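Protein chains in written order, with PDB author numbering: chain C, 301 to 349; chain e, 1 to 9, 40 to 70; chain X, 318 to 370; chain Y, 12 to 389.
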């Protein structure tokens, strides 16, 4: 992007968003798994792995 | 209002029907049948 | 796999002719339905009892 | 916290109602009571208990520890509001107000729960708060307060699917429908037994299996029994660990009539000792009797009365007095002969018995609207 946009007085904060690790792939499966009709015994950890 | 001059002074109904048909009858059947295996 | 399913097929096909020959009448003796299925009377009696149960 | 909180009330049942059996219940109930900061719910349980004369310092160390959690809330409310997050006062006691729900009574629960209900703009906290109000609504048997937050609960699951908030909820409506004598709705809320989980209130899933089979054996007929509970691999293998309940269920299914009464005294006696089935153990087996009678008796017409003693259950005069009160009770559709020693049956077409409930409901609602009509306009 622009160096004039990379003027240090211009931008106040830049925040990086990494791809999720094994910990943060699990909870999106957790929140996303809410509206599904499941079966008891899934072991979501393996699915995240 | 509501003075009513005095001349003298679920959870509850289904098991009360069992208290109607089943008041003082059997009550503790655990041994009468074991006492009827040899008689009957 | 055939040897597994022939008994369960044999139960359904037992009952399939069983409802067939019980049709045409109102009352009959069990000795005639045993005669016309060509089978016994005790197992047919208990099996008919399973239907009305 | 409210997750082991049902065992507390079940052990209050275990303390109070068995009169001879009140020693180990007041031992382990105290073992849980005068620790984990419990203050309020056992003063009258102490009245039903013995004296326990020096409980004063035991109450003082725990109202002191309660005062510690209260005053650190009182150290949190002013730091939370200085640089505010998502109303961090109600975000602290939106979690510690369940601690105040267990430790305090329902008031410091309720004003903080209806307080914090307006904080979170999504139901991911709200519906769990409402689950907590449901669980205390069982605890104080708040039969009117459960009717509110059941509907207010169910009003939130439609956005999303939320099956850990709907199937979990069905366990609450099922335990309410078996708390009351609504068995056909209890098993129907207990229909799945698949998404039902290794719970907190039934930490054994097999206890949930026993409950749904004990309500299902009344709740459904043979077709449903010869398809549903007999072909489920998820229902067979869990009572494969049960010797008694597997035999108690199959003896009715395999027409094993005489041995059915043996385990019937076992399951009924356990039902007498059990919490939450103690209101209706007397009504349960008298349904089981007339069901087992009608199942066998609607097979034959010319079946005699002295056949059922040796093949069904011993005592000819016991069968006499037991069927006399049922035909005389107006059910068990047959007509018994006596001095030629044979039991006759009949068959009623659904023209009279289906009409009887109509005149019952008509007289009920006529009583209702006539009573209201006398109430309003003076």
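For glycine and all other residues, C-beta sits at the position ideal for the given N, C-alpha and C.
Near residue i, what residues of its chain come up, given a Cβ to Cβ distance below 6 angstroms and the 5 sequence neighbours on each side ignored?
i, result
"residue 148 of chain Y", "156 and 157"
"residue 286 of chain Y", "21 and 24"
"residue 40 of chain Y", "22 and 26"
Answer with buried or exposed for residue i, where buried requires no fewer than 16 other C-beta atoms within 10 angstroms of its C-beta.
i, result
"residue 317 of chain C", "exposed"
"residue 78 of chain Y", "exposed"
"residue 331 of chain C", "exposed"
"residue 58 of chain Y", "exposed"
"residue 173 of chain Y", "buried"
"residue 359 of chain X", "exposed"
"residue 357 of chain X", "exposed"
"residue 380 of chain Y", "exposed"
"residue 224 of chain Y", "buried"
"residue 304 of chain Y", "buried"
"residue 299 of chain Y", "buried"
Just checking: is the beta-carbon of residue i within a distance shorter than 8 angstroms of some beta-carbon in chain X?
i, result
"residue 184 of chain Y", "no"
"residue 313 of chain Y", "no"
"residue 233 of chain Y", "yes"
"residue 310 of chain Y", "yes"
"residue 306 of chain Y", "yes"
Taking C-alpha atoms, which residue in the options lies nearest to residue i?
i, options, result
"residue 120 of chain Y", "Y:101, Y:132, Y:203 and Y:135", "Y:101"
"residue 352 of chain X", "X:338, X:363 and X:343", "X:338"
"residue 204 of chain Y", "C:339, C:303, C:329 and C:324", "C:339"
"residue 135 of chain Y", "Y:266, Y:217 and Y:175", "Y:175"
"residue 125 of chain Y", "Y:150, Y:159 and Y:154", "Y:159"
"residue 213 of chain Y", "Y:186, Y:227 and Y:191", "Y:186"
"residue 50 of chain Y", "Y:331, Y:33, Y:116 and Y:105", "Y:116"
"residue 336 of chain C", "Y:346, Y:206, Y:191 and Y:67", "Y:206"
"residue 241 of chain Y", "Y:360, Y:229, Y:76 and Y:257", "Y:257"
Should residue i be flagged as near chain e, meaning a C-beta pair shorter than 8 angstroms?
i, result
"residue 290 of chain Y", "yes"
"residue 198 of chain Y", "no"
"residue 258 of chain Y", "no"
"residue 294 of chain Y", "yes"
"residue 320 of chain Y", "yes"
Closer than 8 angstroms, CB to CB, is residue i near chain Y or not?
i, result
"residue 337 of chain C", "yes"
"residue 1 of chain e", "no"
"residue 351 of chain X", "no"
"residue 366 of chain X", "yes"
"residue 51 of chain e", "yes"
"residue 370 of chain X", "yes"
"residue 4 of chain e", "no"
"residue 48 of chain e", "yes"
So, at 7 angstroms on beta carbons, what are the nonlocal neighbours of residue i in its own chain, with the 5 sequence-adjacent residues on each side left out?
i, result
"residue 269 of chain Y", "322, 323 and 324"
"residue 196 of chain Y", "188"
"residue 326 of chain Y", "320"
"residue 296 of chain Y", "275 and 279"
"residue 10 of chain Y", "Nothing about residue 10 of chain Y can be reported from this structure: the residues present for chain Y run from 12 to 389 only."
"residue 9 of chain e", "none"
"residue 33 of chain Y", "26"
Among the residues of its own chain, which have a CB less than 8 angstroms from the CB of residue i, if the five just before and after it don't count?
i, result
"residue 211 of chain Y", "14, 15 and 17"
"residue 61 of chain Y", "37"
"residue 283 of chain Y", "289 and 292"
"residue 163 of chain Y", "141"
So what does DSSP say about residue i, is it helix, strand or coil?
i, result
"residue 161 of chain Y", "helix"
"residue 352 of chain Y", "coil"
"residue 191 of chain Y", "coil"
"residue 346 of chain Y", "strand"
"residue 63 of chain e", "coil"
"residue 96 of chain Y", "coil"
"residue 266 of chain Y", "coil"
"residue 119 of chain Y", "helix"
"residue 339 of chain X", "coil"
"residue 43 of chain e", "coil"
"residue 288 of chain Y", "coil"
"residue 359 of chain Y", "coil"
"residue 8 of chain Y", "Shown here, chain Y extends from 12 to 389; a query on residue 8 of chain Y therefore has no answer."
"residue 237 of chain Y", "coil"
"residue 387 of chain Y", "coil"
"residue 69 of chain e", "coil"
"residue 329 of chain Y", "helix"
"residue 329 of chain X", "helix"
"residue 315 of chain C", "coil"
Compare the C-beta of residue i against all C-beta atoms of chain C and say whether one is closer than 8 angstroms.
i, result
"residue 205 of chain Y", "yes"
"residue 63 of chain Y", "no"
"residue 201 of chain Y", "no"
"residue 174 of chain Y", "yes"
"residue 208 of chain Y", "yes"
"residue 171 of chain Y", "yes"
Could you check whether the Cβ of residue i sits closer than 7 angstroms to any heavy atom belonging to the ligand FAD?
i, result
"residue 94 of chain Y", "For the structure depicted, the ligand FAD is absent and the ligand set is empty, with no information on it obtainable."
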